[PDB]
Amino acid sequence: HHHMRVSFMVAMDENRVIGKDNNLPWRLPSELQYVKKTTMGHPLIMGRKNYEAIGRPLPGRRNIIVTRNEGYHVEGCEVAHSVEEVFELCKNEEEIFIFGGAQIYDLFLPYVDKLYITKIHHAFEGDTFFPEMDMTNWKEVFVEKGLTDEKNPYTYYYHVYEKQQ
């Protein structure tokens, strides 16, 4: 029924960890730079918790915050309360990026068409996870090694998967 491409944007470790104590467990500026380039000009869909850890709208993109709170407001951001409201808000969009965290990934999981996933080759201590996915009907359409250096201290790969349908 929806016509925008629903894409996931996530970074995770070898045990699917995405978060620790409501924060990112790793510092990877180069990964962030890849994320900004890929998502620029497209809506970001993020969970209330995810957003408040940032505290500020990300420029050049519609920032849409998903919460059950019907009186929740933040300047420079739009607020949705469900999958369907997000779909209404993004009716005419080309592609939207589901941007985390876990609760919001779970929420949008039945509708994902494309998966932009960074895989970090390290086992972090974590408390928040990227949900399991059945990859049957999914094709890897892009893979490349991320930049490892003194500013980016882990090995990691950018992966993109597309659903076949």
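Counting begins at 1, following the sequence as shown.
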**OP:** Taking the mean of the C-alpha B-factors per stretch from the entry, tell me the winner out of 117-125 and 37-45.
**Re:** 37-45
**OP:** Tell me which of 128-136 and 97-105 has the higher mean C-alpha B-factor in the deposited entry.
**Re:** 128-136
Subject >> For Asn63, the third of its chain into which the C-alpha B factor falls >> reply: middle
**OP:** Would you mind ranking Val74 by its C-alpha B-factor against the rest of the chain and naming the third, lowest, middle or highest?
**Re:** highest
**OP:** Name the third of the chain's ranked CA B-factors that contains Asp21, choosing lowest, middle or highest.
**Re:** middle
